[PDB]
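**Q**
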Amino acid sequence: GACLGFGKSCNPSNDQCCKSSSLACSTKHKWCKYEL
Numbered sequence: 080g081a082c083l084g085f086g087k088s089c090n091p092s093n094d095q096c097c098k099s100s101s102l103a104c105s106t107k108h109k110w111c112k113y114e115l
């Protein structure tokens with residue numbers, strides 16, 4: 080269990096968020112945003 084939950088500061092070039100919670104790092108907001 081090693082990732083970045085929602086509302087965490089992540090990197091766009093290296094998106095590293097929690098996939099389990101359907102998260103992703105966007106180069107627009109630069110943060111783990113819920114993948115709709």
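For what it's worth, the numbering used here labels the leading residue of the sequence shown as 80, then goes sequentially.
Where a beta carbon is used, it is the ideal one built from N, C-alpha and C, also for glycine.
1) Expressed to the nearest angstrom, what Euclidean distance is found between the alpha-carbon atoms of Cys104 and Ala81?
2) Excluding the 5 residues flanking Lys98 on each side, which residues of the same chain have their C-beta closer than 8 Å to its C-beta?
3) Along the chain, where does the beta strand (DSSP E) containing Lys112 start, and where does it finish?
4) Can you give me the C-alpha to C-alpha distance between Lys87 and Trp110, rounded to a whole angstrom?
**A** For this structure:
1) Within the sequence shown, the letter at position 25 stands for residue 104. Within the sequence shown, the letter at position 2 stands for residue 81. Roughly 15 Å between the two C-alpha positions.
2) The residue given as residue 98 occupies position 19 in the sequence shown. Cβ neighbours of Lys98 beyond the five flanking positions: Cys82.
3) If you number the sequence shown from 1, residue 112 lands on position 33. It spans 111-113 - the beta strand (DSSP E) in which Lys112 sits, taken as one unbroken run.
4) As a working mapping, residue 87 is identified with position 8 in the sequence shown. As a working mapping, residue 110 is identified with position 31 in the sequence shown. Computed Cα separation, rounded: 6 Å.
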